[PDB]
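Asks: File name entry30.pdb; file contents PDB, C-alpha atoms and all ligand atoms; full text below.
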ATOM      1  CA  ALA A 133      13.587  -5.091  11.946  1.00  0.00           C
ATOM      2  CA  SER A 134      15.800  -2.053  12.457  1.00  0.00           C
ATOM      3  CA  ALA A 135      18.499  -3.137  10.032  1.00  0.00           C
ATOM      4  CA  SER A 136      15.703  -4.110   7.681  1.00  0.00           C
ATOM      5  CA  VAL A 137      14.434  -0.522   7.667  1.00  0.00           C
ATOM      6  CA  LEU A 138      17.853   1.011   7.186  1.00  0.00           C
ATOM      7  CA  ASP A 139      18.562  -1.229   4.182  1.00  0.00           C
ATOM      8  CA  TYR A 140      15.285  -0.075   2.668  1.00  0.00           C
ATOM      9  CA  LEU A 141      16.226   3.591   3.207  1.00  0.00           C
ATOM     10  CA  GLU A 142      19.645   2.936   1.714  1.00  0.00           C
ATOM     11  CA  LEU A 143      17.994   1.131  -1.172  1.00  0.00           C
ATOM     12  CA  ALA A 144      15.443   3.881  -1.753  1.00  0.00           C
ATOM     13  CA  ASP A 145      18.317   6.330  -1.955  1.00  0.00           C
ATOM     14  CA  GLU A 146      20.343   4.496  -4.593  1.00  0.00           C
ATOM     15  CA  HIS A 147      17.520   3.297  -6.837  1.00  0.00           C
ATOM     16  CA  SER A 148      14.432   5.308  -7.582  1.00  0.00           C
ATOM     17  CA  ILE A 149      10.986   4.412  -6.227  1.00  0.00           C
ATOM     18  CA  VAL A 150       8.172   6.003  -8.232  1.00  0.00           C
ATOM     19  CA  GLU A 151       4.405   6.545  -8.107  1.00  0.00           C
ATOM     20  CA  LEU A 152       2.581   5.797 -11.348  1.00  0.00           C
ATOM     21  CA  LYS A 153      -1.137   6.155 -12.117  1.00  0.00           C
ATOM     22  CA  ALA A 154      -3.031   3.347 -13.890  1.00  0.00           C
ATOM     23  CA  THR A 155      -4.364   4.145 -17.358  1.00  0.00           C
ATOM     24  CA  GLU A 156      -7.547   2.882 -19.062  1.00  0.00           C
ATOM     25  CA  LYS A 157      -5.443   0.582 -21.222  1.00  0.00           C
ATOM     26  CA  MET A 158      -4.257  -1.127 -18.032  1.00  0.00           C
ATOM     27  CA  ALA A 159      -7.511  -1.188 -16.017  1.00  0.00           C
ATOM     28  CA  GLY A 160      -9.332  -4.516 -16.061  1.00  0.00           C
ATOM     29  CA  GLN A 161      -5.974  -6.262 -16.343  1.00  0.00           C
ATOM     30  CA  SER A 162      -3.751  -7.724 -13.607  1.00  0.00           C
ATOM     31  CA  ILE A 163      -0.015  -7.242 -13.137  1.00  0.00           C
ATOM     32  CA  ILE A 164       0.447 -10.859 -14.242  1.00  0.00           C
ATOM     33  CA  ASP A 165      -1.553 -10.028 -17.387  1.00  0.00           C
ATOM     34  CA  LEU A 166       0.800  -7.147 -18.161  1.00  0.00           C
ATOM     35  CA  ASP A 167       3.664  -9.462 -17.083  1.00  0.00           C
ATOM     36  CA  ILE A 168       5.592  -6.462 -15.813  1.00  0.00           C
ATOM     37  CA  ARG A 169       8.924  -7.716 -14.433  1.00  0.00           C
ATOM     38  CA  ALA A 170       9.412 -10.147 -17.321  1.00  0.00           C
ATOM     39  CA  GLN A 171       8.670  -7.322 -19.754  1.00  0.00           C
ATOM     40  CA  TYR A 172      10.291  -4.301 -18.091  1.00  0.00           C
ATOM     41  CA  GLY A 173      12.479  -5.513 -15.213  1.00  0.00           C
ATOM     42  CA  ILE A 174      10.343  -3.476 -12.807  1.00  0.00           C
ATOM     43  CA  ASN A 175       9.146  -4.553  -9.357  1.00  0.00           C
ATOM     44  CA  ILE A 176       5.746  -3.443  -8.088  1.00  0.00           C
ATOM     45  CA  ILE A 177       5.966  -2.820  -4.364  1.00  0.00           C
ATOM     46  CA  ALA A 178       2.437  -1.656  -3.584  1.00  0.00           C
ATOM     47  CA  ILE A 179      -0.823  -0.184  -4.852  1.00  0.00           C
ATOM     48  CA  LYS A 180      -2.713   2.837  -3.550  1.00  0.00           C
ATOM     49  CA  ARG A 181      -6.396   2.321  -4.310  1.00  0.00           C
ATOM     50  CA  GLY A 182      -8.428   5.343  -3.249  1.00  0.00           C
ATOM     51  CA  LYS A 183      -7.397   5.724   0.382  1.00  0.00           C
ATOM     52  CA  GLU A 184      -6.356   2.112   0.837  1.00  0.00           C
ATOM     53  CA  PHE A 185      -2.787   0.830   0.794  1.00  0.00           C
ATOM     54  CA  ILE A 186      -2.342  -2.554  -0.821  1.00  0.00           C
ATOM     55  CA  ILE A 187       1.099  -3.840   0.166  1.00  0.00           C
ATOM     56  CA  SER A 188       2.632  -6.711  -1.850  1.00  0.00           C
ATOM     57  CA  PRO A 189      -0.301  -6.764  -4.317  1.00  0.00           C
ATOM     58  CA  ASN A 190      -1.681 -10.117  -5.404  1.00  0.00           C
ATOM     59  CA  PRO A 191      -0.529 -10.331  -9.020  1.00  0.00           C
ATOM     60  CA  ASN A 192      -3.840 -11.889 -10.096  1.00  0.00           C
ATOM     61  CA  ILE A 193      -6.253  -9.160  -8.943  1.00  0.00           C
ATOM     62  CA  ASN A 194      -7.774  -6.687 -11.405  1.00  0.00           C
ATOM     63  CA  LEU A 195      -6.236  -3.212 -11.642  1.00  0.00           C
ATOM     64  CA  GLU A 196      -8.774  -0.370 -11.515  1.00  0.00           C
ATOM     65  CA  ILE A 197      -8.544   3.076 -13.112  1.00  0.00           C
ATOM     66  CA  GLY A 198      -6.717   5.569 -10.912  1.00  0.00           C
ATOM     67  CA  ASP A 199      -4.765   2.935  -9.028  1.00  0.00           C
ATOM     68  CA  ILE A 200      -1.365   4.376  -8.140  1.00  0.00           C
ATOM     69  CA  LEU A 201       1.396   1.782  -8.594  1.00  0.00           C
ATOM     70  CA  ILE A 202       4.537   2.153  -6.475  1.00  0.00           C
ATOM     71  CA  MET A 203       7.515   0.915  -8.532  1.00  0.00           C
ATOM     72  CA  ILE A 204      11.240   0.245  -8.239  1.00  0.00           C
ATOM     73  CA  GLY A 205      13.720  -0.152 -11.056  1.00  0.00           C
ATOM     74  CA  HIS A 206      16.174   1.658 -13.284  1.00  0.00           C
ATOM     75  CA  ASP A 207      14.982   4.975 -14.696  1.00  0.00           C
ATOM     76  CA  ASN A 208      15.483   3.583 -18.193  1.00  0.00           C
ATOM     77  CA  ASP A 209      12.992   0.797 -17.400  1.00  0.00           C
ATOM     78  CA  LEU A 210      10.462   2.944 -15.476  1.00  0.00           C
ATOM     79  CA  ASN A 211      10.363   5.447 -18.304  1.00  0.00           C
ATOM     80  CA  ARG A 212       9.639   2.777 -20.875  1.00  0.00           C
ATOM     81  CA  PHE A 213       6.784   1.412 -18.771  1.00  0.00           C
ATOM     82  CA  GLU A 214       5.357   4.899 -18.229  1.00  0.00           C
ATOM     83  CA  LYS A 215       5.406   5.519 -21.994  1.00  0.00           C
ATOM     84  CA  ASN A 216       3.935   2.136 -22.915  1.00  0.00           C
ATOM     85  CA  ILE A 217       0.704   3.044 -21.110  1.00  0.00           C
TER      86      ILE A 217
ATOM     87  CA  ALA B 133       6.400   8.404  -1.798  1.00  0.00           C
ATOM     88  CA  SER B 134       8.942   5.745  -1.123  1.00  0.00           C
ATOM     89  CA  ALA B 135       8.223   6.535   2.514  1.00  0.00           C
ATOM     90  CA  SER B 136       4.570   6.105   2.012  1.00  0.00           C
ATOM     91  CA  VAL B 137       5.589   2.512   1.743  1.00  0.00           C
ATOM     92  CA  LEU B 138       7.714   2.780   4.846  1.00  0.00           C
ATOM     93  CA  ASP B 139       5.063   4.796   6.690  1.00  0.00           C
ATOM     94  CA  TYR B 140       2.431   2.131   6.106  1.00  0.00           C
ATOM     95  CA  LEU B 141       4.690  -0.632   7.452  1.00  0.00           C
ATOM     96  CA  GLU B 142       5.416   1.249  10.678  1.00  0.00           C
ATOM     97  CA  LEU B 143       1.737   1.778  11.557  1.00  0.00           C
ATOM     98  CA  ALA B 144       0.623  -1.640  10.267  1.00  0.00           C
ATOM     99  CA  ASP B 145       0.751  -4.324  12.935  1.00  0.00           C
ATOM    100  CA  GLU B 146       0.315  -7.327  10.616  1.00  0.00           C
ATOM    101  CA  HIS B 147       2.638  -6.362   7.743  1.00  0.00           C
ATOM    102  CA  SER B 148       6.391  -5.860   7.924  1.00  0.00           C
ATOM    103  CA  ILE B 149       9.682  -5.815   6.003  1.00  0.00           C
ATOM    104  CA  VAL B 150      11.993  -8.621   7.003  1.00  0.00           C
ATOM    105  CA  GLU B 151      15.482  -9.612   5.958  1.00  0.00           C
ATOM    106  CA  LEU B 152      16.369 -13.272   5.493  1.00  0.00           C
ATOM    107  CA  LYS B 153      19.897 -14.549   4.924  1.00  0.00           C
ATOM    108  CA  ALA B 154      20.291 -17.352   2.399  1.00  0.00           C
ATOM    109  CA  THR B 155      21.198 -20.759   3.827  1.00  0.00           C
ATOM    110  CA  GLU B 156      22.915 -23.621   1.986  1.00  0.00           C
ATOM    111  CA  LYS B 157      19.483 -25.226   1.869  1.00  0.00           C
ATOM    112  CA  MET B 158      18.265 -22.142   0.021  1.00  0.00           C
ATOM    113  CA  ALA B 159      21.551 -21.384  -1.758  1.00  0.00           C
ATOM    114  CA  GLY B 160      21.822 -22.995  -5.184  1.00  0.00           C
ATOM    115  CA  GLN B 161      18.113 -22.409  -5.670  1.00  0.00           C
ATOM    116  CA  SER B 162      16.398 -19.554  -7.514  1.00  0.00           C
ATOM    117  CA  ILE B 163      13.404 -17.563  -6.330  1.00  0.00           C
ATOM    118  CA  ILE B 164      11.478 -19.051  -9.263  1.00  0.00           C
ATOM    119  CA  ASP B 165      12.438 -22.533  -8.082  1.00  0.00           C
ATOM    120  CA  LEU B 166      10.949 -21.609  -4.709  1.00  0.00           C
ATOM    121  CA  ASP B 167       8.179 -19.722  -6.577  1.00  0.00           C
ATOM    122  CA  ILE B 168       7.965 -17.391  -3.610  1.00  0.00           C
ATOM    123  CA  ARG B 169       5.213 -14.917  -4.506  1.00  0.00           C
ATOM    124  CA  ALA B 170       2.982 -17.545  -6.093  1.00  0.00           C
ATOM    125  CA  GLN B 171       3.342 -19.801  -3.036  1.00  0.00           C
ATOM    126  CA  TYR B 172       3.381 -17.401  -0.087  1.00  0.00           C
ATOM    127  CA  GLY B 173       2.248 -14.008  -1.356  1.00  0.00           C
ATOM    128  CA  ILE B 174       5.610 -12.529  -0.384  1.00  0.00           C
ATOM    129  CA  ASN B 175       7.313  -9.849  -2.456  1.00  0.00           C
ATOM    130  CA  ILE B 176      11.099  -9.722  -2.699  1.00  0.00           C
ATOM    131  CA  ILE B 177      12.004  -6.061  -3.295  1.00  0.00           C
ATOM    132  CA  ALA B 178      15.760  -6.600  -3.505  1.00  0.00           C
ATOM    133  CA  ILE B 179      18.690  -8.875  -2.648  1.00  0.00           C
ATOM    134  CA  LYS B 180      21.705  -7.705  -0.647  1.00  0.00           C
ATOM    135  CA  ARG B 181      24.864  -8.986  -2.276  1.00  0.00           C
ATOM    136  CA  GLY B 182      27.785  -8.031  -0.076  1.00  0.00           C
ATOM    137  CA  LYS B 183      26.854  -4.444   0.725  1.00  0.00           C
ATOM    138  CA  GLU B 184      25.199  -3.847  -2.629  1.00  0.00           C
ATOM    139  CA  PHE B 185      21.482  -4.028  -3.556  1.00  0.00           C
ATOM    140  CA  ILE B 186      20.129  -6.118  -6.438  1.00  0.00           C
ATOM    141  CA  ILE B 187      16.739  -4.532  -7.175  1.00  0.00           C
ATOM    142  CA  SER B 188      13.859  -6.404  -8.822  1.00  0.00           C
ATOM    143  CA  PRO B 189      16.018  -9.561  -8.780  1.00  0.00           C
ATOM    144  CA  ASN B 190      16.055 -11.839 -11.801  1.00  0.00           C
ATOM    145  CA  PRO B 191      14.026 -14.833 -10.572  1.00  0.00           C
ATOM    146  CA  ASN B 192      16.180 -17.292 -12.554  1.00  0.00           C
ATOM    147  CA  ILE B 193      19.559 -16.654 -10.924  1.00  0.00           C
ATOM    148  CA  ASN B 194      20.722 -19.049  -8.217  1.00  0.00           C
ATOM    149  CA  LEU B 195      20.802 -17.600  -4.719  1.00  0.00           C
ATOM    150  CA  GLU B 196      24.340 -17.529  -3.367  1.00  0.00           C
ATOM    151  CA  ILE B 197      25.467 -17.943   0.221  1.00  0.00           C
ATOM    152  CA  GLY B 198      25.115 -14.768   2.271  1.00  0.00           C
ATOM    153  CA  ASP B 199      22.465 -13.258   0.005  1.00  0.00           C
ATOM    154  CA  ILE B 200      20.027 -11.241   2.066  1.00  0.00           C
ATOM    155  CA  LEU B 201      16.486 -11.335   0.692  1.00  0.00           C
ATOM    156  CA  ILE B 202      14.560  -8.190   1.543  1.00  0.00           C
ATOM    157  CA  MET B 203      10.953  -9.303   1.824  1.00  0.00           C
ATOM    158  CA  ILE B 204       7.652  -7.545   2.292  1.00  0.00           C
ATOM    159  CA  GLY B 205       4.299  -9.180   3.033  1.00  0.00           C
ATOM    160  CA  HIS B 206       1.815 -10.314   5.672  1.00  0.00           C
ATOM    161  CA  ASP B 207       3.376 -11.570   8.920  1.00  0.00           C
ATOM    162  CA  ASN B 208       1.707 -14.968   8.639  1.00  0.00           C
ATOM    163  CA  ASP B 209       3.027 -15.379   5.104  1.00  0.00           C
ATOM    164  CA  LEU B 210       6.520 -14.264   6.023  1.00  0.00           C
ATOM    165  CA  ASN B 211       6.499 -16.522   9.083  1.00  0.00           C
ATOM    166  CA  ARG B 212       5.376 -19.523   7.037  1.00  0.00           C
ATOM    167  CA  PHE B 213       8.116 -19.096   4.443  1.00  0.00           C
ATOM    168  CA  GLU B 214      10.749 -18.725   7.162  1.00  0.00           C
ATOM    169  CA  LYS B 215       9.690 -21.900   8.937  1.00  0.00           C
ATOM    170  CA  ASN B 216       9.929 -23.959   5.760  1.00  0.00           C
ATOM    171  CA  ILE B 217      13.639 -23.091   5.698  1.00  0.00           C
TER     172      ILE B 217
HETATM  173  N1  LIG C 301      10.711 -10.452  -6.486  1.00  0.00           N
HETATM  174  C1  LIG C 301       9.987 -11.673  -6.348  1.00  0.00           C
HETATM  175  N2  LIG C 301       9.453 -11.935  -5.180  1.00  0.00           N
HETATM  176  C2  LIG C 301       8.769 -13.053  -4.976  1.00  0.00           C
HETATM  177  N3  LIG C 301       8.583 -13.962  -5.941  1.00  0.00           N
HETATM  178  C3  LIG C 301       9.105 -13.760  -7.178  1.00  0.00           C
HETATM  179  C4  LIG C 301       9.866 -12.537  -7.441  1.00  0.00           C
HETATM  180  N4  LIG C 301      10.318 -12.585  -8.882  1.00  0.00           N
HETATM  181  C5  LIG C 301       9.757 -13.794  -9.203  1.00  0.00           C
HETATM  182  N5  LIG C 301       9.168 -14.290  -8.253  1.00  0.00           N
HETATM  183  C6  LIG C 301       8.530 -15.535  -8.415  1.00  0.00           C
HETATM  184  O1  LIG C 301       8.852 -16.105  -9.755  1.00  0.00           O
HETATM  185  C7  LIG C 301       7.559 -16.210 -10.483  1.00  0.00           C
HETATM  186  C8  LIG C 301       7.711 -15.727 -11.872  1.00  0.00           C
HETATM  187  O2  LIG C 301       8.363 -14.468 -11.821  1.00  0.00           O
HETATM  188  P1  LIG C 301       8.422 -13.516 -13.108  1.00  0.00           P
HETATM  189  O3  LIG C 301       9.077 -12.254 -12.670  1.00  0.00           O
HETATM  190  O4  LIG C 301       9.272 -14.143 -14.161  1.00  0.00           O
HETATM  191  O5  LIG C 301       7.030 -13.079 -13.789  1.00  0.00           O
HETATM  192  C9  LIG C 301       6.067 -12.423 -12.918  1.00  0.00           C
HETATM  193  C10 LIG C 301       6.092 -10.996 -13.166  1.00  0.00           C
HETATM  194  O6  LIG C 301       6.420 -10.722 -14.558  1.00  0.00           O
HETATM  195  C11 LIG C 301       4.725 -10.522 -12.858  1.00  0.00           C
HETATM  196  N6  LIG C 301       4.668 -10.054 -11.546  1.00  0.00           N
HETATM  197  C12 LIG C 301       4.088 -10.730 -10.741  1.00  0.00           C
HETATM  198  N7  LIG C 301       4.131 -10.117  -9.523  1.00  0.00           N
HETATM  199  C13 LIG C 301       4.921  -8.890  -9.887  1.00  0.00           C
HETATM  200  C14 LIG C 301       5.422  -7.742  -9.290  1.00  0.00           C
HETATM  201  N8  LIG C 301       5.192  -7.554  -7.925  1.00  0.00           N
HETATM  202  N9  LIG C 301       6.116  -6.812  -9.966  1.00  0.00           N
HETATM  203  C15 LIG C 301       6.345  -6.961 -11.246  1.00  0.00           C
HETATM  204  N10 LIG C 301       5.914  -8.022 -11.902  1.00  0.00           N
HETATM  205  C16 LIG C 301       5.207  -8.998 -11.292  1.00  0.00           C
HETATM  206  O7  LIG C 301       3.825 -11.692 -12.976  1.00  0.00           O
HETATM  207  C17 LIG C 301       4.717 -12.859 -13.262  1.00  0.00           C
HETATM  208  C18 LIG C 301       4.363 -14.043 -12.455  1.00  0.00           C
HETATM  209  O8  LIG C 301       4.220 -13.657 -11.076  1.00  0.00           O
HETATM  210  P2  LIG C 301       4.076 -14.797  -9.956  1.00  0.00           P
HETATM  211  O9  LIG C 301       3.944 -14.149  -8.632  1.00  0.00           O
HETATM  212  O10 LIG C 301       2.804 -15.543 -10.213  1.00  0.00           O
HETATM  213  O11 LIG C 301       5.264 -15.859  -9.828  1.00  0.00           O
HETATM  214  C19 LIG C 301       6.620 -15.352  -9.743  1.00  0.00           C
HETATM  215  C20 LIG C 301       7.066 -15.382  -8.360  1.00  0.00           C
HETATM  216  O12 LIG C 301       6.475 -16.531  -7.704  1.00  0.00           O
END
Is it possible to express this structure as structure tokens?
Ligand SMILES: Nc1ncnc2c1ncn2[C@@H]1O[C@@H]2COP(=O)(O)O[C@H]3[C@@H](O)[C@H](n4cnc5c(N)ncnc54)O[C@@H]3COP(=O)(O)O[C@H]2[C@H]1O
Replies:
Amino acid sequence: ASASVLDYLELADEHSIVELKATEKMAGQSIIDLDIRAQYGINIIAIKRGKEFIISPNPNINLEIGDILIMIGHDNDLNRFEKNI
Amino acid sequence: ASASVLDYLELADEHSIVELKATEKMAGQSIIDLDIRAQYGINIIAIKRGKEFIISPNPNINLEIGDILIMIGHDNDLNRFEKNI
């Protein structure tokens, strides 16, 4: 629980973790609908909805407009996902 | 806002990031064999291989001995997965 935190900090400092806002194209759909990791190689860590923090989001729930997705992956993969929306 | 993830976990008393070392029971299996998120609601952010981090792990690779799964989810879900191993 203390080594677990330090590995996260080390991991956040060698791979980039990014905030990304949900577009209209993507609202109404779930992250299993978009099939993100199979399509981009990206992992979605959490969702900020309004002032609520959804950790380990259920992949079957509907994404709303303005949802801020917290992502981890290579910049080459994050950039493609950001452009495809 | 990679700390926003870490900040939530510190104040949250029911959610937590936990490391779990792969056992022979679990080695030889993939995380899609175990179907971890679909079965427990747990998200695996990365795998520690040696002292290196495999981010957004490919769910089809076999887990090797000594692999450290870095997991994030509800304490009851994490605890249930751990007890089944
Ligand atoms: N890092 C991980 N941690 C825990 N379990 C993992 C995992 N990678 C794979 N799995 C497990 O393997 C199943 C299929 O993974 P896949 O990545 O190919 O295909 C996934 C993926 O493309 C997408 N997805 C789901 N949750 C995601 C997320 N947090 N980030 C990105 N994509 C996700 O929806 C598909 C099916 O998701 P589902 O949860 O139903 O089922 C997942 C999940 O049970």
Asks: May I ask which of the residues A:187, A:152, A:193, A:166 is the closest one to chain B, counting only C-alpha atoms?
Replies: A:187
Asks: From the list A:177, A:195, A:149, A:143, which residue is nearest ligand LIG 301 (chain C) when using all atoms listed in the file?
Replies: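 Using all atoms listed in the file, ligand LIG 301 (chain C) sits closest to A:177.
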Asks: Just how far from atom CA of residue 213 of chain A is atom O5 of ligand LIG 301 (chain C), in Å to one decimal?
Replies: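 One can read the atom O5 of ligand LIG 301 (chain C) to atom CA of residue 213 of chain A distance as 15.3 Å.
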Asks: Can you state the RMSD, in Å, between chain A and chain B once they are superposed by least squares on every Cα paired in order?
Replies: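 C-alpha RMSD after optimal superposition stands at 2.6 Å.
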Asks: What residues come out when you apply the PyMOL selection byres (((not hetatm)) within 6 of (chain C and resi 301)) to this file, written as a ChimeraX atom specification?
Replies: /A:163-164,167-170,174-177,191 /B:163-164,167-170,174-177,188-189,191
Asks: I need the chosen residues saved as a CSV table (one decimal), in the coordinates of the input, with C-alpha atoms.
Replies:
chain,number,residue,atom,x,y,z
A,163,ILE,CA,0.0,-7.2,-13.1
A,164,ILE,CA,0.4,-10.9,-14.2
A,167,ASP,CA,3.7,-9.5,-17.1
A,168,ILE,CA,5.6,-6.5,-15.8
A,169,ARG,CA,8.9,-7.7,-14.4
A,170,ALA,CA,9.4,-10.1,-17.3
A,174,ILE,CA,10.3,-3.5,-12.8
A,175,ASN,CA,9.1,-4.6,-9.4
A,176,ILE,CA,5.7,-3.4,-8.1
A,177,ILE,CA,6.0,-2.8,-4.4
A,191,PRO,CA,-0.5,-10.3,-9.0
B,163,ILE,CA,13.4,-17.6,-6.3
B,164,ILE,CA,11.5,-19.1,-9.3
B,167,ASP,CA,8.2,-19.7,-6.6
B,168,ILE,CA,8.0,-17.4,-3.6
B,169,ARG,CA,5.2,-14.9,-4.5
B,170,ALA,CA,3.0,-17.5,-6.1
B,174,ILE,CA,5.6,-12.5,-0.4
B,175,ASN,CA,7.3,-9.8,-2.5
B,176,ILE,CA,11.1,-9.7,-2.7
B,177,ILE,CA,12.0,-6.1,-3.3
B,188,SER,CA,13.9,-6.4,-8.8
B,189,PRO,CA,16.0,-9.6,-8.8
B,191,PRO,CA,14.0,-14.8,-10.6
Asks: Env of residue 156 of chain B: 12 Å cut, atoms = all atoms listed in the file, seq-sep filter 2 positions within chain, self excluded. Answer as number ranges by chain.
Replies: B: 153-154, 158-161, 194-199, 217
Asks: Which residues are close to residue 181 of chain B, i.e. within 7 Å by only C-alpha atoms, leaving aside same-chain residues fewer than 4 positions away? Reply as a ChimeraX atom specification.
Replies: /B:185-186,199-200
Asks: I'd like to know which of B:216, B:162, B:171, B:211 is closest to residue 192 of chain B, using all atoms listed in the file.
Replies: B:162
